[PDB]
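Undergrad: Below: one structure in structure tokens.
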Amino acid sequence: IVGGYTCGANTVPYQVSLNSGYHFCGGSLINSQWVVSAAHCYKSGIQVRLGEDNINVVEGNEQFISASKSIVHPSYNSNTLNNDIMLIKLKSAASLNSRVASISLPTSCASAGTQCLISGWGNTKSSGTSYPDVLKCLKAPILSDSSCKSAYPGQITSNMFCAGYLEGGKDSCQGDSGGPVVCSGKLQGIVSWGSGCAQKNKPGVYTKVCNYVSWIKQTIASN
Ligand SMILES: N=C(N)c1ccc(/C=N/NC(=O)c2cccnc2)cc1
Ligand SMILES: [Ca+2]
């Protein structure tokens, strides 16, 4: 997250870190056994780390649980990033409490202008490189589909939305991938892609979660 703020320990209780010997992606806990992330975050040997603030220090509220299975969206295209969504099942159910909690799925799509909270442990610099240890947060508006498409001609599908600031300076970045965009207590987005980070006229692009609620629910119901 570039141009954001320190969230505060466990203030984003649905935020997960995906770990394969090191943090590599974010995700969102959606019930005691399932995490939603980006398909471009797919890999084998994932350990899901819940209750994290400092990802380099054991602070007392962590739950580390190995993934038992991952399900990349049936229609994920890694070239275009269309359908950039994946489900991860935990080997054991997380113990839910105030600091480790699920986030609600949307029942309708969010509109341009809705204010959202984007979070992660990604790069904090738009030019250089600096990775934070503690969770970073950004409040950002959803942008209109027309402005999103104008920013990225030929690249925005009906399964994507832009959020952020056309002036630049405030954005998600590398390492935030797969993490949440939460608007009025609903998971509306997943950190998906962009052109660099926090660049003028290049806002973050997010997977449009409301399009996938049917698939998420039925997938969970049979797995
Ligand atoms: N919101 C943005 N502007 C944004 C969000 C996410 C990303 C994703 N970055 N990932 C990478 O660069 C990467 C990851 C693995 C290997 N080589 C490069 C970019 C911009
Ligand atoms: Ca920790």
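Just so it is clear, none of the values below were taken in a lab; they were calculated from the coordinates. Here the Cβ positions follow ideal geometry from the backbone for every residue, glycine too, while neighbour counts run over all protein chains shown.
Undergrad: Grab the beta carbon distance between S98 and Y131, set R0 = 25 Å, and tell me the FRET efficiency rounded to 0.05. Don't jump to the answer; show the numbers that get you there.
TA: Details: r = 27 Å, r/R0 = 1.09.
It comes out at approximately 0.35.
Undergrad: Using alpha carbons only, what's the Rg to Rh ratio of segment 1-60 with Rh from Kirkwood? Intermediate results must be reported in sequence, preceding the final value.
TA: Working: Rg = 11.8 Å, Rh = 12.4 Å.
Rounded to two decimals, Rg/Rh equals 0.95.
Undergrad: Something else about it: What order, most packed first, do the peptides 88-101, 192-205 have when packing is the mean number of other Cβ atoms within 10 Å of each residue?
TA: The packing order, highest mean first, is 192-205, 88-101.
Undergrad: Based only on other Cβ atoms within 10 Å, what is the fewest-to-most ordering of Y206, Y165?
TA: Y165, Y206
Undergrad: When ranked by the protection proxy of mean other Cβ atoms within 10 Å per residue, highest first, what sequence do the peptides 19-25, 29-35 form? Each step should come with its number before you reach the end.
TA: Values: 19-25: 15.3, 29-35: 20.4.
Ranked from most to least packed, the peptides come out as 29-35, 19-25.
Undergrad: Calculate for the chain the 222 nm mean residue ellipticity that helices alone would give, adding -39,500 (n - 2.57) per DSSP H run of length 4 or more and normalising by residue count, nearest 500 deg cm²/dmol. Numbers along the way, then the final one.
TA: Working: 2 runs with 16 residues, N = 223.
Mean residue ellipticity at 222 nm (helix-derived): -2000 deg cm²/dmol.
Undergrad: Write down the Å³ per residue value for the convex hull defined by the alpha carbon atoms of segment 122-223. Each step should come with its number before you reach the end.
TA: Details: hull volume 12.0 nm³, N = 102.
So the per-residue Cα hull volume is 117 Å³.
Undergrad: At 20 °C and 1.002 mPa s, grab the translational diffusion coefficient of segment 77-122 from Stokes-Einstein with a Kirkwood Rh over Cα pairs, rounded to a whole number in µm² per second. It would help to have the intermediate numbers written out before the result.
TA: Numbers: Rh = 14.7 Å.
After rounding, the answer is 145 µm²/s.
Undergrad: Then there is this: Would you mind listing how long segment 39-152 runs along its three principal axes, going by Cα atoms, in whole Å with the largest first?
TA: Taking the Cα atoms of segment 39-152, the three principal extents are 45, 33, 31 Å.
Undergrad: A further question on this structure: So what are the radius of gyration and Dmax for the Cα set of segment 106-167, in Å?
TA: 13.7, 39
Undergrad: Related question: Name the residue from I46, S75, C173 whose Cα lies farthest towards the positive end of the charge dipole of the chain, charges +1 on Cβ of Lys and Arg and -1 on Cβ of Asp and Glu.
TA: Farthest towards the positive end: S75.
Undergrad: Ranked from highest to lowest mean number of other Cβ atoms within 10 Å per residue, what is the order of the peptides 172-181, 147-156?
TA: Per-residue Cβ counts within 10 Å, averaged per peptide and sorted highest first, yield 172-181, 147-156.
Undergrad: Please report, for the Cα atoms of the chain, the Rg to one decimal and the Dmax as a whole number; what are they, in angstrom?
TA: 15.8, 46
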